[PDB]
Amino acid sequence: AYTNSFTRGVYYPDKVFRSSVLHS
Amino acid sequence: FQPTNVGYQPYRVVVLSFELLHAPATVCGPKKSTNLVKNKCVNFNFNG
């Protein structure tokens with residue numbers, strides 16, 4: 001069987017704090 | 001490996017890999033820590 005993931009599965013890519021920023 | 005073997009001889013090797021990360025340090029050098037100073041211009045060192 002199947003379902004859609006939607007926007008799940010994003011994770012913090014590194015152990016650095018950042019705020020108010022659009023990182024890539 | 002006979003003792004009569006020069007590059008034919010056995011060599012022991014150790015490779016040290018450093019888990020260098022922007023994360024909690026836990027193996028560090030013998031360098032001592034100071035007290036902490038705030039609201040003044042200072043030449044700091046945190047975990048290297």
# chains A, B, ... in the order shown; residues from 1 in each chain; ligands from 1

$ closest_atom_pairs --of "chain B" --to "chain A" --cutoff "9 Å" --atoms "only C-alpha atoms" --output "tab-separated table"
residue	atom	partner	partner_atom	distance
B:21	CA	A:15	CA	8.1
B:22	CA	A:15	CA	6.1
B:23	CA	A:15	CA	5.9

$ write_last_selection --atoms "N, CA and C atoms" --output "short mmCIF file (atom, residue, chain, number, x, y, z; two decimals), in the first residue's frame"
data_model
loop_
_atom_site.label_atom_id
_atom_site.label_comp_id
_atom_site.auth_asym_id
_atom_site.auth_seq_id
_atom_site.Cartn_x
_atom_site.Cartn_y
_atom_site.Cartn_z
N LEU B 21 34.01 18.77 14.45
CA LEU B 21 32.64 19.20 14.15
C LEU B 21 32.31 20.47 14.95
N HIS B 22 31.32 21.23 14.50
CA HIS B 22 30.74 22.37 15.23
C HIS B 22 29.78 21.88 16.33
N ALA B 23 30.24 20.95 17.16
CA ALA B 23 29.46 20.13 18.08
C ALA B 23 30.23 19.90 19.40
#

$ atom_distance --atom1 "atom CA of residue 19 of chain B" --atom2 "atom CA of residue 43 of chain B"
25.4 Å

$ residues_around --residues "residue 35 of chain B" --least-positions-apart "2" --cutoff "12 Å" --atoms "only C-alpha atoms" --output "CSV table (one decimal) with C-alpha atoms, in the first residue's frame"
chain,number,residue,atom,x,y,z
B,32,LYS,CA,44.2,25.1,30.9
B,33,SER,CA,40.9,27.1,31.0
B,37,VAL,CA,35.0,37.8,31.4
B,38,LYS,CA,31.9,39.6,29.9
B,44,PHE,CA,38.7,34.2,23.5
B,45,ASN,CA,39.2,30.5,22.7

$ atom_distance --atom1 "atom CA of residue 16 of chain B" --atom2 "atom CA of residue 31 of chain B"
20.0 Å
